[PDB]
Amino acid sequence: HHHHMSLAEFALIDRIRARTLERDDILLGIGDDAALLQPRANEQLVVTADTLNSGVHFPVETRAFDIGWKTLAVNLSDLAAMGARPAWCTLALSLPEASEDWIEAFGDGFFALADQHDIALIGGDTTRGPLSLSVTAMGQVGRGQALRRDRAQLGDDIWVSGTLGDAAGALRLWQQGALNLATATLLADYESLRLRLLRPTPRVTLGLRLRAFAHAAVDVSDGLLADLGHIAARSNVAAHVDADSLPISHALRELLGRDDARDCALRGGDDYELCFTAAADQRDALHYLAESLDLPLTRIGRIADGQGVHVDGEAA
């Protein structure tokens, strides 16, 4: 055994081709074993890759649709933080056993998210092994248009999209035995947290607009403090966070205690939100942008002389 199945053999090939037929930058005919891709000549390519392993990056009971969604969402969130326009991706699936129905359901979730951001699956592998999903996503950026982590400026405001800590809250409730991840619950606050863990929303549209407003950006996937820490270190500045200002969802505040909710918001994994810095005179414009996107953008802190990320004045 150990055969590698590339394109044409993919269980998803019909849905793959349906999407390449409507893309003038992808040549993939019925009788084609690999796609020919046409980059934009004056743009640059950026490439991200992430592997999600069963039991590590998702609880084993996570359903196929949610695995398909989240595997792509991680990569799209990476591309968002660079302000890159998603173009193409590959998918390398390791499965212990053939399961036609599982792959179809995985494809449901993958394409549900992929279609929203016009990223086209154009190749990959299906082979035997412990359940592991590796996605490589390719995006494009105009010259000098990429967002970076090293360009925060003294006096900048710090901003973050969406809400922080929901996924960590769902994970904690699941570990305490209070939340089933494999089925939908009618209890609205639990279901909200469940879907923030299972189906994070990559802020691609925001990322594509931030170049016009922001100085530096990072995606928040290892917790706000860790990821803002990359901005502070790469930019050679201090970052100050006002913990009271953090955007905390209704459900997180309702279902977790004050301290646990705060810890989730500051240090929780897997938010897949965007944290960025902007000149103070962008405040009006960023509030307008949040309304335009129907996406919360919350001013949470400031960039200042010194080093390290601070919470309420303390960097220790």
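So that there is no doubt, residue numbering starts at 1 and follows the sequence shown.
- In this entry, 27-35 has the higher mean Cα B-factor, the comparison being between 27-35 and 65-73.
- Taking only CA atoms, the mean B-factor in the PDB entry is higher for 146-154 than for the other of 105-113 and 146-154.
- Considering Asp78, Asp118, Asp166, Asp227 together, the PDB entry gives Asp118 the largest C-alpha B factor.
- In this structure the maximum Cα B-factor among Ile122, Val241, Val135, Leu187 is found at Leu187.
- Annotation for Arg172: CA B-factor lies in the highest third of the chain's modelled residues.
- Annotation for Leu297: C-alpha temperature factor in the lowest third relative to the rest of the modelled chain, per the entry.
- Annotation for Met82: CA B-factor lies in the middle third of the chain's modelled residues.
- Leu289: CA B factor lies in the middle third for its chain, per the PDB record.
- Per-chain ranking of the deposited C-alpha B factor places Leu181 in the middle third.
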